[PDB]
Amino acid sequence: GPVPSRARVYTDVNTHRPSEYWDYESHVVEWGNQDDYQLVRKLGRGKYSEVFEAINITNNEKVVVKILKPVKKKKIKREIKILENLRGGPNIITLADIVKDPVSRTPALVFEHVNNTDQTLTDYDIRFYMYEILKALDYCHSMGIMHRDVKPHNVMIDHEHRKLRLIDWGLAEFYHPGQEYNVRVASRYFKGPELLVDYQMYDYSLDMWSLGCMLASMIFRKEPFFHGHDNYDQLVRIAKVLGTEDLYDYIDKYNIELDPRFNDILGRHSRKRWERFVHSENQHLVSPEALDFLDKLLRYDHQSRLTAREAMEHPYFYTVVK
Ligand SMILES: NCCc1ccc(Cl)c(Cl)c1
Ligand SMILES: NCCc1ccc(Cl)c(Cl)c1
Ligand SMILES: NCCc1ccc(Cl)c(Cl)c1
Ligand SMILES: NCCc1ccc(Cl)c(Cl)c1
Ligand SMILES: NCCc1ccc(Cl)c(Cl)c1
Ligand SMILES: NCCc1ccc(Cl)c(Cl)c1
C-alpha cells in the first residue's frame, strides 16, 4: 500500500478543536430573509450555480448572491460551515447571509460585494497580489482547511482599491491527519501531481502547487501553464517541464500504484530550466528570485513544497509591505 503522509504545518488544528468546529454535517443552518434582497443583474454561472449582483433593500448596500442548485446538500453544508469558520480572515470572502427561496427551497449564499477587475500588470503588482493570496492561504490552513480549488477565477481583485478576495469555498475541506480524501478536486490545470497519481493522503500543500501554477502563468504570460486535455494528459504536461526523473522518484518514495495507462503516454522527459519559458513579451515579470520561488512551489513531492508561511518569507516578497 502507499506510504502515509502528514502535513508539515497545522497538522493537528482540527484534532485539538471540538467537533462543532469541523463536523459540518451536524451544523444547524439558520436562514435569513430572501425578501431583504432584490437581484440587479446576472454576473455569471456554473453547472450548479448562478451568480448575481443584488441589493440589500433594508440598508441600500450592494451584495453578491450565489444561487445553488441543491444537487448535493452535504456539500452545501460544508461550504457554509467553512465560510462561517473563516469569516473575517485576511482576504477571505465574507459570507453576509444565507437565504432560501420560499417556494422552490433553492438556497442562496449572500457575499460582500466585490467589483472584479477583468498586460498592464507590473512585476511589483504580481508580488503584491501573490502575497495577498498567501495571507488568505496561511489563514485557512492555520484554521485546518484546504481550499482545493485555487485558480485565477477564484481570486477576485478590485485593482482600483488594491483589494483581493479568495472565493468559491465549495470544494474546501477540513484537514484531519491520516485521512484519505477524494482526488477529484481542483480544476484540471491546477491539480497537483498527488491528485493525478491518485495519492489520497494529501494536505494543505495541494493549494501551494495550485498557487505555483498561477504564478507560472502570470510571470510567463502562458494561460494555463500546464495545459492538459484530460487528467492523464495533465500529468504528461507537468512531466514535460519538471522532467520524468523526479516524477518516478516521487512515485517510489510514496510507493504509489501508478495507473498502467501512464506507460503508453508518460514517456521520458528532461528537467527543463525555468529560464526556457522567458521571452521578450514576459521578461519584465521574471527575475532570479521569481524563478527560485516558482521552483520551490512546483515540486512533485508535496512535503517538499514551501508552506504558505515559508513562501511569505521568500526574497521574491522583499519589495512588499508585510
Ligand atoms: N426568486 C428566486 C431568485 C432569487 C434568488 C436569491 C435571491 Cl437573494 C433573490 Cl432576491 C431572488
Ligand atoms: N468559481 C467562481 C467563478 C466566478 C468568479 C467571479 C464571478 Cl463574478 C463569477 Cl460570476 C464566477
Ligand atoms: N482574477 C485575478 C487572477 C490573478 C491571480 C493572481 C495574480 Cl498575482 C493576479 Cl495579478 C491575478
Ligand atoms: N463561486 C462562489 C463564491 C463567489 C463567487 C462569485 C463571486 Cl462574485 C463571489 Cl463574491 C463569491
Ligand atoms: N530579469 C528578467 C530578464 C531576463 C534576462 C535574461 C534571462 Cl536568461 C532571463 Cl531568464 C530573464
Ligand atoms: N527560453 C528561451 C530562450 C530565452 C531566454 C531568456 C530570454 Cl530573456 C529570452 Cl528572450 C529567450
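Just so it is clear, chain A uses Swiss-Prot numbers, and the residues here are 3-120, 126-329, in order.
Each Cβ is built from the backbone N, Cα and C atoms, and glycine gets one as well.
Per Swiss-Prot, region 'Interaction with beta subunit' is recorded for 36-41, and the stated evidence type is similarity to another entry. Residues of the same chain lying 6 or more positions beyond the ends of the region 'Interaction with beta subunit' (36-41) and with a Cβ under 8 Å from any Cβ of it are 54-60, 65, 67, 99, 101-104, 110, 112.
Within the same chain, residues at least six positions away from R47 (ATP binding site) with a Cβ under 8 Å of its Cβ are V53. Per Swiss-Prot, the feature ATP binding site maps to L45, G46, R47, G48, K49, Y50, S51, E52, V53, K68.
Under the heading active site, proton acceptor, Swiss-Prot lists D156. Under DSSP, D156 (active site, proton acceptor) is assigned to coil, being neither helix nor strand in the three-state scheme. The Cβ of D156 (active site, proton acceptor) lies under 8 Å from the Cβ of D175, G177, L178, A179, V192, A193, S194, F197, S217, each of these being in the same chain and 6 or more residues away along the sequence.
Filtering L45, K49, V53, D156 by Cβ distance to ligand 2 (under 6 A) retains the following recorded positions: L45, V53. Note: the ATP site is recorded as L45, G46, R47, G48, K49, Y50, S51, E52, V53, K68; in the same chain, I69 also have Cβ atoms within 8 Å of that site's Cβ centroid.
Contacts of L45 (ATP binding site) defined by a Cβ separation under 8 A and a same-chain sequence distance of 6+ are given as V53, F54, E55, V66, in order along the sequence. In this structure, none of the recorded positions from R47, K49, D156 has a C-beta falling under 6 Å of any atom of ligand 4. Ranked by how many other Cβ atoms sit within 10 Å of their Cβ, the binding-site residues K49, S51, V53 place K49 at the bottom.
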